[PDB]
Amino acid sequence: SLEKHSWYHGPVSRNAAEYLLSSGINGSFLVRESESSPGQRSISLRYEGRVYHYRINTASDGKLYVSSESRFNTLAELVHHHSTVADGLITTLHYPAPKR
């Protein structure tokens, strides 16, 4: 189940993501459910002290993506990919934010 993964925080707010990333470093990140659009997920990513928020898009064929050119069957595959290459993100996904 997705909740097993430390990077997967479920329904947390944008402001909560700032708290969760407060003692993060470059590449600290979490995946969350978006309040601006439900069912939609987002990545909140820390880099040089700032948090950047990316929409995780769902394609018409079910694949997930941040960047249009790199789409995956599952969220785990998407996180794995962006942990090795930024590919549109400001930096790679490195350390999960601690859960609170």
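C-alpha atoms forming the largest set that superposes within 1.5 Å between two forms make up the rigid core. Residue numbers run from 1 along the displayed sequence.
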Superposing the other structures by the rigid core, the farther-displaced stretch by RMS over CA atoms in 5 other deposited structures of this protein, of 27-35 and 44-52, is 27-35
Could you check the entry and say whether 30-38 or 55-63 has the higher mean CA B-factor? 30-38
Averaging only over Cα atoms, indicate whether 41-49 or 69-77 has the higher B-factor in the PDB entry. 69-77
Determine, from the deposited record, the chain-internal third of the Cα B-factor for residue 16: lowest, middle or highest. lowest
Can you tell me whether residue 23 has a C-alpha B-factor in the lowest, middle or highest third compared with the other modelled residues of the same chain? highest
